[PDB]
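Everything below concerns the one structure shown next.
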Amino acid sequence: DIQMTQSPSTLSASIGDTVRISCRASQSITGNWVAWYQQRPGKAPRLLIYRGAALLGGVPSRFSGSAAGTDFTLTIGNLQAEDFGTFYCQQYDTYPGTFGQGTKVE
Amino acid sequence: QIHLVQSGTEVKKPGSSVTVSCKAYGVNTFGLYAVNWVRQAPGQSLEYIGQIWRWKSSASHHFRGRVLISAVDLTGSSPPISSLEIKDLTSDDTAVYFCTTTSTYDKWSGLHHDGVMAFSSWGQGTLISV
Amino acid sequence: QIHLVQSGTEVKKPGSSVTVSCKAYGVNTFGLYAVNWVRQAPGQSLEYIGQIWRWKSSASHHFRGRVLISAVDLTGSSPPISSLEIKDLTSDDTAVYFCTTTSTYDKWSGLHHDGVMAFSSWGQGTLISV
Amino acid sequence: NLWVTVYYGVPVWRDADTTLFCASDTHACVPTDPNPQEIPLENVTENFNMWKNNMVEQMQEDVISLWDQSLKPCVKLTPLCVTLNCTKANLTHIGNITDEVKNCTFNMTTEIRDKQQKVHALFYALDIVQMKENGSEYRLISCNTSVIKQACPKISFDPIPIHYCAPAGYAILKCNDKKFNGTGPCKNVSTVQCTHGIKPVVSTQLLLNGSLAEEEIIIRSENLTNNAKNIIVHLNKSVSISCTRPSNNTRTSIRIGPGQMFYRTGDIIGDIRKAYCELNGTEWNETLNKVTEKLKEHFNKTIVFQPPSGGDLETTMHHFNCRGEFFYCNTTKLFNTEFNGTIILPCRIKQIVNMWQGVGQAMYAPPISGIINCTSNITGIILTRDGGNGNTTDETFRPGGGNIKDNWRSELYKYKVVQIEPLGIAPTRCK
Amino acid sequence: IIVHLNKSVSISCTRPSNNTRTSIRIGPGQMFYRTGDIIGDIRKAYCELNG
Amino acid sequence: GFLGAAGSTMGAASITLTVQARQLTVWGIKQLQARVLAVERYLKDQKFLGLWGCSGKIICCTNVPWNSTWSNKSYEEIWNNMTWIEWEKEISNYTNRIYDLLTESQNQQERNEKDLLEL
Amino acid sequence: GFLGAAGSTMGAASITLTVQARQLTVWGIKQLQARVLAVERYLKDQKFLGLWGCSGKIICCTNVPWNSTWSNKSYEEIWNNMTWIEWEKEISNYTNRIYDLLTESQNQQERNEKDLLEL
Amino acid sequence: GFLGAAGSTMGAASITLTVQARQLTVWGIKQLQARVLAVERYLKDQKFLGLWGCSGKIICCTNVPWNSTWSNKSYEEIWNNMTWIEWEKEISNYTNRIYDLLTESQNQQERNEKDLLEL
Ligand SMILES: *[C@@H]1O[C@H](CO)[C@@H](O[C@@H]2O[C@H](CO)[C@@H](O[C@@H]3O[C@H](CO[C@H]4O[C@H](CO[C@H]5O[C@H](CO)[C@@H](O)[C@H](O)[C@@H]5O[C@H]5O[C@H](CO)[C@@H](O)[C@H](O)[C@@H]5O)[C@@H](O)[C@H](O[C@H]5O[C@H](CO)[C@@H](O)[C@H](O)[C@@H]5O[C@H]5O[C@H](CO)[C@@H](O)[C@H](O)[C@@H]5O)[C@@H]4O)[C@@H](O)[C@H](O[C@H]4O[C@H](CO)[C@@H](O)[C@H](O)[C@@H]4O[C@H]4O[C@H](CO)[C@@H](O)[C@H](O)[C@@H]4O[C@H]4O[C@H](CO)[C@@H](O)[C@H](O)[C@@H]4O)[C@@H]3O)[C@H](O)[C@H]2NC(C)=O)[C@H](O)[C@H]1NC(C)=O
Ligand SMILES: *[C@@H]1O[C@H](CO)[C@@H](O[C@@H]2O[C@H](CO)[C@@H](O[C@@H]3O[C@H](CO[C@H]4O[C@H](CO[C@H]5O[C@H](CO)[C@@H](O)[C@H](O)[C@@H]5O[C@H]5O[C@H](CO)[C@@H](O)[C@H](O)[C@@H]5O)[C@@H](O)[C@H](O[C@H]5O[C@H](CO)[C@@H](O)[C@H](O)[C@@H]5O[C@H]5O[C@H](CO)[C@@H](O)[C@H](O)[C@@H]5O)[C@@H]4O)[C@@H](O)[C@H](O[C@H]4O[C@H](CO)[C@@H](O)[C@H](O)[C@@H]4O[C@H]4O[C@H](CO)[C@@H](O)[C@H](O)[C@@H]4O[C@H]4O[C@H](CO)[C@@H](O)[C@H](O)[C@@H]4O)[C@@H]3O)[C@H](O)[C@H]2NC(C)=O)[C@H](O)[C@H]1NC(C)=O
Ligand SMILES: *[C@@H]1O[C@H](CO)[C@@H](O[C@@H]2O[C@H](CO)[C@@H](O[C@@H]3O[C@H](CO[C@H]4O[C@H](CO)[C@@H](O)[C@H](O)[C@@H]4O)[C@@H](O)[C@H](O[C@H]4O[C@H](CO)[C@@H](O)[C@H](O)[C@@H]4O)[C@@H]3O)[C@H](O)[C@H]2NC(C)=O)[C@H](O)[C@H]1NC(C)=O
Ligand SMILES: *[C@@H]1O[C@H](CO)[C@@H](O[C@@H]2O[C@H](CO)[C@@H](O[C@@H]3O[C@H](CO)[C@@H](O)[C@H](O)[C@@H]3O)[C@H](O)[C@H]2NC(C)=O)[C@H](O)[C@H]1NC(C)=O
Ligand SMILES: *[C@@H]1O[C@H](CO)[C@@H](O[C@@H]2O[C@H](CO)[C@@H](O[C@@H]3O[C@H](CO)[C@@H](O)[C@H](O)[C@@H]3O)[C@H](O)[C@H]2NC(C)=O)[C@H](O)[C@H]1NC(C)=O
Ligand SMILES: *[C@@H]1O[C@H](CO)[C@@H](O[C@@H]2O[C@H](CO)[C@@H](O)[C@H](O)[C@H]2NC(C)=O)[C@H](O)[C@H]1NC(C)=O
Ligand SMILES: *[C@@H]1O[C@H](CO)[C@@H](O[C@@H]2O[C@H](CO)[C@@H](O)[C@H](O)[C@H]2NC(C)=O)[C@H](O)[C@H]1NC(C)=O
Ligand SMILES: *[C@@H]1O[C@H](CO)[C@@H](O[C@@H]2O[C@H](CO)[C@@H](O)[C@H](O)[C@H]2NC(C)=O)[C@H](O)[C@H]1NC(C)=O
Ligand SMILES: *[C@@H]1O[C@H](CO)[C@@H](O[C@@H]2O[C@H](CO)[C@@H](O)[C@H](O)[C@H]2NC(C)=O)[C@H](O)[C@H]1NC(C)=O
Ligand SMILES: *[C@@H]1O[C@H](CO)[C@@H](O[C@@H]2O[C@H](CO)[C@@H](O)[C@H](O)[C@H]2NC(C)=O)[C@H](O)[C@H]1NC(C)=O
Ligand SMILES: *[C@@H]1O[C@H](CO)[C@@H](O[C@@H]2O[C@H](CO)[C@@H](O)[C@H](O)[C@H]2NC(C)=O)[C@H](O)[C@H]1NC(C)=O
Ligand SMILES: *[C@@H]1O[C@H](CO)[C@@H](O)[C@H](O)[C@H]1NC(C)=O
Ligand SMILES: *[C@@H]1O[C@H](CO)[C@@H](O)[C@H](O)[C@H]1NC(C)=O
Ligand SMILES: *[C@@H]1O[C@H](CO)[C@@H](O)[C@H](O)[C@H]1NC(C)=O
Ligand SMILES: *[C@@H]1O[C@H](CO)[C@@H](O)[C@H](O)[C@H]1NC(C)=O
Ligand SMILES: *[C@@H]1O[C@H](CO)[C@@H](O)[C@H](O)[C@H]1NC(C)=O
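Top to bottom, those sequences are chains R, Z, F, V, B, P, G and Y.
The first sequence begins at -7 in our numbering and counts up one residue at a time.
The second sequence begins at 19 in our numbering and counts up one residue at a time.
The third sequence begins at 19 in our numbering and counts up one residue at a time.
The fourth sequence begins at 793 in our numbering and counts up one residue at a time.
The fifth sequence begins at 60 in our numbering and counts up one residue at a time.
The sixth sequence begins at 160 in our numbering and counts up one residue at a time.
The seventh sequence begins at 160 in our numbering and counts up one residue at a time.
The eighth sequence begins at 160 in our numbering and counts up one residue at a time.
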């Protein structure tokens, strides 16, 4: 029953900046079984990262991820207007899956 | 081109049961796509409700016995359909329910781990207020 | 088809300096060929004088400081040229001087061992009497 | 206190696409050891998708290559593009062929360029185009499109079974689920090296001389909701169909060049009747009933069958080939809703054919002297669903053709090609 | 002699006459493309360079 | 029994792996290309095995300790309740690291043997 | 030389096996086919040798005892009277058995060595 | 990297002999011929290595003594003041000798081992 926590519950930045978001898990996930989602207000969440550091079709190259044991990081470079809202953090190594508390950006 | 279309908002009373539908345009079959139903309370984080995968249905411990998940495959007139049935509603079930589908065809893909999965495509979500 | 043409006989008095020129017909460049100047006394064996190779000039210990070797590559109307200048001539320098040109392009060839080389082509030799 | 240990020969595979060996009994398929060997894989569930299989493209390319290589060395018919003087045939010496055969006189080049010979031939009206609105001036169908090459006399038109064998480092997984529909999980899988023998039979509306479903009729389609996607219906009980041409042709040869010989029909010796296919009405009634009942599971409307809406001769009538004759049969008695006794379907013969669109340009099939008689098994049907309006109370299915890949997807739907990855690393107490 | 430069010189070449490409069938499936007509400007083709 | 242990646990699949190893006129261009490609693949696998000192072995043991960050599962859990495909999927992100470590260990072993025999 | 001492006894023939072992632009399709087939045959022989733990050897000793039913002749009779062709024809019915036993013995050796190193 | 040790002394180059070792649809006739030739070259080098008992090794010691008529040079001068190209150029005339010697030695060893195993 892995519980994941995100430290920077609130963040602020300007266009062109770089943002780091961190997730900590109660157990080490050696398989990098972590996903990163984005949710704008009034819309469904969108999946951006899976397996810690893998992008999807259409997701900009600006987004990046790093994974190591219990510490997972999402890095956003050259922040634009569209990259606003709540970022969510999920594990799927154990059952059931569990989401983070989300970090607000912009 | 996976578009998931869900039903509209419904307002119900405690003690009743509700049904939420999800039509999966672009999904060829649920034999290769797994369907996951999740919950989002207003102002809180996402919670996983249940899934149907390879025509096997399952729900988490907190929801066993009161959530029933069903699905039917592609027919001649409508796309694949999935559906949640929630029994014995209480004041704590008011939330936005999301229907998600994830491909399972590639066994080596990183989007799934022996049943527990990521959610590549999301529906617009149904608001249920009790 | 490598022909080496040298200057004619020069008769000089002690204390002077002489210059011998060798024109290398058939030598595409001195970057792939080395020019070795050697001496033959009237009745003795051959003696090594000096070398130009990779546009670097050197002379033996017995000749350092009084022998200078220069060279110029292929031009519009003249083949590559090598020049030997001898200062402070004495009665012991009367001899026949030879230019030899040895290919260097093939690195595995046995005509050269790290600077010290064979003499594949020879000029007609110039007689210097002091 | 664990150390790395390397294992060679680990049973791990990944989906991959490669070139496969062709076995039988520039391009050549002549290994002669198709002896199969099957190994079940217990507790293995594998995902299959017949519509994303590279084996069908490989088979398409192989058949095209074999067809082109067979027709490479034999006669070209470039002199045949000559204005023909065609009149009504004289055959005096269900229905007769006097309205389909025309007697055409023309000039042809002899083996000497300076002299021309005036000759005659009997051509079918489907292979001739009229040049002037009211006149006797006629030309061949293909003279404005491509150059035709005569089907060489030694070429055999019967299919031969073809096995596909994965090279070393690969394997062919086979799904043994008895009610498989081409997409989804398979819980009973086996592994093989060579697939079962597949005959490259060409047909348009009814699949012939194929395998039968083990349990029940199977409905297959890439996308049921898309009316532009063909539906393959695989039967579990074949229906015998016997096609004949009762006319006695004369194969007569004309020397048209230095060693080039052109074969033609001299005269129709006797028995002047159209070619026809015979079928049993009751068996077809039962098969159609079963197909309708099975299709009721996918469409919640009354199901009716109608003939093809329209088009040319190629896309409307059941095309097939046997003995070397190329038949186009009118399947309107079928697919129209007494069906008692024997159903007789008229057919027409064509000589100038273009079997593969854009491949081989066109082929001229020489006639055969004797009476042609031929039998086959119907094991499948290709259908197309007419676009509805949302108001009709019934759905209309029409027999339709399309890509010939559908004729082979029905035989390669239960196969998958995988790549072995035999190199594993595991923690073990050894040092 | 090959002279290799370190600063390229831009040259722009043009044909300003409007050609009409037409087709003639010269055999079975064989098509021949020709210059049907010359319209527009009729000036000769030329290359432009900076002195 | 080629691929017959795919659905079996690694504890039982590791027994008798040599079945897989044993299974591992005018010709067409495709046939010749396929033969050449198969030969190349076999030689590549043999090159990887030979780099680590495992040239002619099926069950080869090494000297690189197992880092718990690669996988922290217990020995019983690994060899008793999983298959080879699942295990290889889990550790996919560390295969390249482990290969480099094995190569370095083999090189160090060769140099140390040379130095020891020099003494 | 190459195939020299083919008529000699096996005792004298086994002395110099390496002499025979050492010998073992549009080119044309046939030349490519011949080259590929030669490479394949060499690799098949090497695979059989490596399956038994004799990857890089000319004379390799094994742990499979000689069954008298395969051949019951004396050691001197084998190694001082017959030639290699006669011997290979005599025991032609048992080659597959011996190959399978050699493979099984090598597998048991590897597994037992792994178990011993575990201890 | 690849070939980066060229120009350095043999002492420094001998410790990185792994990069070179690691780095050593109608395709067309030329591509297929090139692939086959590359496979042939690799297998020929492996055959020479196998004849000497160094099949899966990069640095391999042998029992053949070094004749002074081959090099007649000091150890420090060889391994500290020369590069590999110069060394290979200097001793070319004797290479075909040494190769043969190596082969013989290996053969001898095998036979001796057999005797040591018969006692
Ligand atoms: C190709 O091929 C393939 C093959 O070969 C195919 O596939 C297929 O598909 C199909 C489809 O299409 C399928 O079918 C489907 O299925 C599904 C699933 O199911 C399953 O599951 C379920 C559930 O379960 C759960 O619950 C229960 C209760 O009791 C339990 O028991 C269990 O265990 C579970 O539990 C769990 O979970 C939960 C959650 O979920 C929780 O809570 C708990 O706690 C736990 O945890 C079940 O039930 C089922 O069962 C069944 O089946 C079996 C088998 O074996 C049997 O045995 C049983 O008995 C049963 O049966 C019965 O039923 C049936 C039905 O169901 C019938 O039929 C019979 O007869 C009998 O009676 C399983 O297991 C599902 O879901 C589906 O269903 C649907 O549909 C149908 C049709 O008919 C109907 O009937 C039904 O009713 C349903 O319907 C519904 O839904 C839909 C969707 O959309 C909708 O629309 C509609 O409307 C409806 O709705 C309604 O109702 C509901 C009710 O519920 C409600 O709720 C709502 O609200 C409304 O009102 C179907 O069935 C199959 O399976 C397959 N196959 C295989 C082999 O797999 C394919 O398709 C092909 N393809 C093509 C293209 O074609
Ligand atoms: C392709 O490409 C390539 C490349 O890219 C090219 O190549 C090139 O080439 C060229 C040619 O062409 C060249 O140039 C040349 O070079 C040469 C060499 O040089 C060198 O060497 C020298 C010598 O050394 C020696 O000595 C010294 C003294 O001090 C010392 O130091 C040293 O160390 C040495 O020593 C040693 O040895 C000796 C003997 O030999 C002994 O004794 C001792 O002991 C010791 O052991 C030198 O000097 C030089 O140096 C120089 O340079 C450098 C460089 O860096 C510098 O740094 C220095 O400083 C110097 O400089 C100076 O000089 C120059 C020149 O001159 C000037 O410019 C300046 O300014 C100064 O001044 C070296 O190292 C040479 O030899 C030559 O020369 C020549 O030429 C020129 C031109 O201009 C002139 O000027 C001169 O003079 C000369 O001339 C002469 O000769 C000739 C020949 O033939 C003649 O003809 C003439 O006429 C003349 O004659 C005259 O004079 C003389 C004088 O001596 C007298 O003697 C006589 O008699 C007469 O009068 C040249 O320079 C180059 O280098 C190259 N490059 C490279 C990079 O390398 C090619 O070519 C191309 N190809 C095509 C085809 O195009
Ligand atoms: C679905 O599958 C069926 C069954 O295979 C196919 O029907 C068969 O088709 C083949 C080929 O068209 C037929 O074989 C041919 O039969 C001709 C007539 O046979 C008479 O002569 C023979 C001589 O022994 C008698 O035995 C026989 O009883 C008849 O009296 C032959 O003349 C043909 O000979 C040709 O092939 C031989 C092969 O060696 C050559 O050497 C000859 O030179 C000549 O080219 C040939 O044998 C067979 O008769 C058909 N069977 C039936 C039951 O009708 C269908 O065609 C197929 N459907 C498809 C492909 O759509
Ligand atoms: C099988 O065929 C059907 C029908 O041709 C395909 O359904 C079509 O799917 C697309 C995208 O998945 C739908 O377009 C979208 O529709 C939604 C509806 O709200 C709209 O919001 C989007 O903007 C977009 O236009 C399309 O409507 C739908 N057609 C029908 C008739 O339902 C299906 O995708 C095909 N399946 C496969 C695997 O190809
Ligand atoms: C480059 O071109 C020049 C000129 O075309 C070549 O020079 C020519 O070289 C040949 C032989 O090297 C000379 O022939 C010889 O001339 C000597 C002069 O005494 C004579 O004694 C010989 O009997 C023989 O005839 C030729 O004269 C000479 N020509 C000139 C104009 O210098 C040079 O060889 C070419 N280099 C290469 C690499 O091709
Ligand atoms: C772990 O490995 C997986 C696969 O080896 C990586 O996922 C890949 O990410 C790249 C990034 O562009 C994609 O192109 C691939 O398609 C992905 N592979 C699959 C199978 O989907 C993943 O990024 C790796 N994770 C870490 C933390 O190294
Ligand atoms: C095409 O053939 C017909 C029939 O052979 C030719 O018509 C004949 O022409 C001759 C000469 O005028 C008449 O004597 C015959 O009576 C005609 N026959 C009939 C049935 O009318 C016709 O001339 C030929 N046309 C060409 C262009 O060759
Ligand atoms: C097709 O037409 C040709 C010519 O119009 C016919 O050939 C002639 O047939 C008569 C029959 O009485 C012979 O007397 C002539 O000698 C034939 N002409 C030549 C040039 O040989 C032929 O019979 C017609 N065929 C059919 C089937 O009607
Ligand atoms: C071929 O498949 C059909 C399926 O359409 C079988 O017909 C069904 O057989 C079962 C057997 O009990 C009956 O319960 C159904 O009522 C039948 N359905 C129809 C529409 O007839 C048929 O039996 C199969 N034939 C063979 C030989 O396997
Ligand atoms: C195929 O045969 C059908 C009948 O078996 C033909 O359709 C008939 O055509 C006639 C006149 O064109 C009509 O009077 C009938 O009502 C039609 N019957 C049906 C059931 O449609 C059809 O024309 C034939 N096709 C071809 C290409 O000859
Ligand atoms: C080809 O077109 C290019 C641009 O389309 C022409 O180059 C430039 O044209 C503009 C006109 O809009 C001038 O203002 C520039 O000075 C031109 N650049 C130059 C001359 O370097 C070009 O002139 C055209 N070709 C010819 C032959 O005129
Ligand atoms: C057909 O031919 C017969 C004899 O072969 C002849 O009697 C008859 O008149 C001919 N009829 C026609 C229409 O040519
Ligand atoms: C799997 O299919 C084979 C096909 O012959 C059959 O023999 C076997 O019984 C099947 N197994 C199961 C579990 O259905
Ligand atoms: C498949 O799983 C069952 C579980 O009961 C097991 O008994 C069987 O041995 C497994 N099959 C194989 C081939 O290991
Ligand atoms: C052939 O037999 C004779 C016996 O007289 C023997 O001396 C000779 O060595 C044999 N040949 C070879 C090549 O051993
Ligand atoms: C090249 O020579 C210099 C001599 O100062 C040495 O320091 C350097 O390491 C040499 N290059 C390499 C790659 O060893």
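Even for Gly, the Cβ is constructed at its ideal location relative to N, Cα and C.
Across the segment 1064 to 1078 of chain V and the segment 1031 to 1041 of chain V, are there enough close Cβ pairs to call them in contact, namely three or more that are closer than 8 Å? Yes, they touch.
By Cβ distance below 7 Å, which residues in the same chain neighbour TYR123(F) in space, the five residues on each side in sequence not counted? Translated into positions along the third sequence, residue 123(F) becomes position 105. Here the set comprises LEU50.
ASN936(V): contacting residues in chain B (beta-carbon distance under 9 Å): As a working mapping, residue 936(V) is identified with position 144 in the fourth sequence. The CB of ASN936(V) comes closer than 9 Å to the CB of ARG84, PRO87 and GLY88 in chain B, given here in chain order.
Given this structure, state the Cα-to-Cα distance separating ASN252(Y) from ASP204(Y), to the nearest angstrom. As a first step, residue 252(Y) is located in the eighth sequence; it is residue number 93 there, counting from the start. As a first step, residue 204(Y) is located in the eighth sequence; it is residue number 45 there, counting from the start. Straight across, the Cα-Cα distance linking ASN252(Y) with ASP204(Y) is about 20 Å.
If you follow the beta strand (DSSP E) that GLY33(F) is in, where does it begin and where does it stop? Reading the third sequence from its first residue, position 15 is the one you call residue 33(F). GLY33(F) -> no beta strand (DSSP E), and no H or E assigned at all.
Sequence-distant residues of the same chain with beta carbon closer than 6 Å to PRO98(F), five excluded per side: Here residue 98(F) refers to the residue found at position 80 of the third sequence. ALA42, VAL45, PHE48, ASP91 and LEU92.
Would you call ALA197(Y) buried or exposed, if buried means 16 or more other Cβ atoms sit within 10 Å of its Cβ? Along the eighth sequence, read from residue 1 onward, the residue named residue 197(Y) stands at position 38. Under this definition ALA197(Y) is an exposed residue.
Could you tell me the boundaries of the alpha helix (DSSP H) in which residue 337(P) lies? Because chain P is modelled from 160 through 278, residue 337(P) falls outside the range shown and cannot be assessed.
Would you check whether ligand 4 has a heavy atom nearer than 8 Å to the C-beta of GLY44(Z)? What you label residue 44(Z) is simply residue 26 of the second sequence in a count that begins at 1. Checking every heavy atom of ligand 4 against the Cβ of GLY44(Z), one is found closer than 8 Å.
For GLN69(F), which option in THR118(F), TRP126(F) and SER35(F) has the closest C-alpha, if you only look at C-alpha atoms? Within the third sequence, the letter at position 51 stands for residue 69(F). The option with the nearest alpha carbon to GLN69(F) is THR118(F).
For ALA136(Z), which residues in chain R fall below 8 Å Cβ to Cβ? Along the second sequence, one-based indexing puts residue 136(Z) at 118. Ordered by position in chain R, the residues that pass the 8 Å Cβ test against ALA136(Z) are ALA27, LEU39, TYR42, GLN82 and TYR84.
Neighbour list for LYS864(V) in chain G, Cβ cutoff strictly below 8 Å: As a position in the fourth sequence, residue 864(V) is number 72, starting the count at 1. The contacting residues do not exist; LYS864(V) stays about 17 Å from chain G at best.
Outcome for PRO32(F) when other beta-carbon atoms lying within 10 angstroms are tallied against a minimum of 16: Start at 1 with the first residue of the third sequence, and residue 32(F) comes out as number 14. Burial call: exposed.
Less than 8 Å separating the Cβ of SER67(B) from some heavy atom of ligand 11? Locating residue 67(B) in the fifth sequence gives position 8, where the first residue counts as 1. For ligand 11, not one heavy atom lies less than 8 Å from the Cβ of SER67(B).
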